[PDB]
Amino acid sequence: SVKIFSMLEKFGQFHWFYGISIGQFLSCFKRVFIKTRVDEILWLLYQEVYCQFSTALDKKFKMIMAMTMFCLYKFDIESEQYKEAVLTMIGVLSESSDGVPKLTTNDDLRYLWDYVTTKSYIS
């Protein structure tokens, strides 16, 4: 929760309209409970905070926030080689880290590689 709030306050200090309210965050977290267990609360928290605070951002920051929440959750859940693969994927998307990833189970990674080899950046 505090990491998500730090990301949201970074967004708020970027642009004036993109601010975040602490009371809004508590209301969203309460409505999570209104609408392996602890991981299920964490999953519902991520899904609901995105579903509420995505509409306050434009499309480009929508992709920003979506991909960075997916990255944060997957760093928390998966292993170190997975994290290295994700960082290498973001680097080759950033034209900075152009190299082989720790490709292995992680089925969606081959689909991401299929998307990126054809230079389908938007996909």
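Residues numbered from 1 in each chain as written, not as in the entry; some residues may be left out. Part of a larger assembly, values for the part shown. Heavy atoms only, no water. Residues with missing side-chain atoms left out of burial classes, pairs and counts.

Its PDB record attributes the structure to cryo-EM, giving the resolution as 3.8 Å.

## Some points on the overall build of the chain
On a plain count of helices and strands, the chain comes out with 6 helices and 0 strands. Shown N-terminal to C-terminal, the secondary structure of the chain runs as helices and strands in the order α-α-α-α-α-α. Seen through its C-alpha atoms, the chain measures out along the principal axes to roughly 45 × 40 × 20 Å. (Helix = DSSP H or I, 4+ residues; strand = E, 2+ residues; numbered from the N terminus.)

## Some thoughts on the packing of helix α1 (residues 2-14) against helix α4 (residues 59-77)
The geometry of α1 relative to α4 is characterised by a closest axis approach of 12 Å and an angle of 160° between their N-to-C directions. Judged by the inter-axis angle, α1 sits roughly antiparallel to α4. α4 is crossed by α1, and the crossing has right-handed handedness. Contact with α1, carried on its side by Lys3, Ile4, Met7, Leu8, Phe11 and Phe14, involves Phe61, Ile64, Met65, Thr68, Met69 and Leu72 of α4 and no other residues of that element. Considered class by class, the residues forming the contact of α1 with α4 number 10 nonpolar, 1 polar and 1 charged. (Axes fitted to C-alpha atoms, helices over the stretch in contact; angles between N-to-C directions. Parallel < 35°, antiparallel > 145°, perpendicular 65-115°, else oblique. Left-handed = near helix turned anticlockwise from the far one by under 90°. Contact = heavy atoms within 4.5 Å. Nonpolar A, V, L, I, M, F, W, Y, C, P; charged D, E, K, R; others polar.)

## Looking at the environment of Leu112
Along the chain, the position of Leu112 falls in helix α6 (residues 107-117). On the basis of relative accessible area, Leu112 is assigned to the partly exposed category, the value being 36%. Separated by 11 residues in the primary sequence, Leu112 and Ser123 have C-alpha atoms spaced 8.7 Å apart. (Buried < 20%, exposed > 50% of the residue type's maximum accessible area, 1.4 Å probe, protein only.)

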